[PDB]
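Each of the two blocks below gives one form of the same protein chain as structure tokens; they are labelled structure 1 and structure 2.
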Structure 1
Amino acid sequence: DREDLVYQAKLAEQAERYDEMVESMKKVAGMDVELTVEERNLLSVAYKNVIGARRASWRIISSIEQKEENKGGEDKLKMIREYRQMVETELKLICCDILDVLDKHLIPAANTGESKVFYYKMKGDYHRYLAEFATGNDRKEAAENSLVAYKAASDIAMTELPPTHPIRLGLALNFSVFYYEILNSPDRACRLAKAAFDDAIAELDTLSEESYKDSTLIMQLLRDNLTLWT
């Protein structure tokens, strides 16, 4: 199976039929074993695209709702908010699907610095995506449940992974995003962004040509945010 199932998940990625890519890699996750860097990323990508679609929809749907609050038309607004919530269910369903795989199947089964830090970061992201659309004491619940799960990968990263390791750098990229977006803290976002970038500069000397490539790209993203946010 598992030798095949990963190829089934590769085909879905190419076909861009991510709903299958998920199902394939959930069947690999549900083996309760050490996922290879590949399997880790294939799973990672599958859910990112699936949620991605709904997230994109949501922002757009809210763009019409806000464009019809300014326009004042409060008859369409009834159907539109009916439509945004329909998505918000899927955003709830998808997020809660993957988180459920992480704390039950993946996180327990993890036994390497990378995969340990990989999954806690992941847990942060989907709690964040929950927090992205939510309101009131629903936001604060998943906001604090992310800030914990990010801070958990942060701590395990700072001993097991070097500062130039992309998984750690992507964490800081997403964590910085968490402050600027979720907690509305533009300062701590940048400080954490620049911080993550600045610690990386030193150790690039030592790493591989392909490992230098992986690091530099995520440093560009970190820098691209700091650029945009100032």
Structure 2
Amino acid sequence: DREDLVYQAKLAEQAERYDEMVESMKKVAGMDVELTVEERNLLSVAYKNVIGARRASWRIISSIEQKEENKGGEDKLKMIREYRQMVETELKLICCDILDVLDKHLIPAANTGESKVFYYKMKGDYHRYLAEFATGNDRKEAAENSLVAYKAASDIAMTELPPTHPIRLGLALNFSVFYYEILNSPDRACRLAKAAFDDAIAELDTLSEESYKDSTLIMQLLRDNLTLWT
């Protein structure tokens, strides 16, 4: 039945029906077991597409708000705002859902370094998405939580994954993105990104057969952001 949930997850993925792919993988996370690499990727992809869609809508709607803000079209702005807010509510719910699954099931039942780094990194990511559109104190809370999860993923990763491991690199990438876009700290964003790249270049022999394209790509992305930021 675990094997069926995974199969249904795959069916849902091919059909591009991500809500159900989330439902399938939630159930598998609810079994309080260590998930396979496959099942971690399925969960991740399920939740990324579902959140991805709203994040895309939120930006489109913000852009239009900003347009109507500069033209002073106040009648439309009421509608734009109500609509942004509805989407923010979806984003909150989706993020709270996975954050909960992480705290109550995935993180507790994790037993390898790879999965622990993955889950705390995920938790950092999802708090960071809450923070992308939050204001004031809510923004603060998501920032503190996101920092705390990214530090926890970092502590375990630093001691337990080669610097080439794509999860470690992915962690560096996003944690440096966090510092730049959320803490508004280009100096730390760049020191972190530069170091993670450099550490993987110093040990390129440690690249796995399984994940060299993933790693390569992540390092390309590290490079692209350093450019962007300088």
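For residue numbers, the reference is structure 1: its sequence is counted from 1. Only residues modelled in both forms are compared. Between two forms, the rigid core is defined as the largest C-alpha subset superposing within 1.5 Å.
A movement of the C-alpha atom of residue 213 reaching 2 angstroms or beyond is seen between structures 1 and 2 when the two forms are aligned on their rigid core. Once the core of the two forms is superposed, the Cα of residue 202 has moved 2.1 Å between structures 1 and 2. Core-based alignment between structures 1 and 2 gives a C-alpha movement of 1.5 Å at residue 191. The Cα position of residue 79 changes by 0.8 Å between structures 1 and 2 once both are aligned on the rigid core. In sequence order, the regions between structures 1 and 2 where at least three consecutive C-alphas each move 2 angstroms or more after rigid core superposition are 206-214, 227-230.
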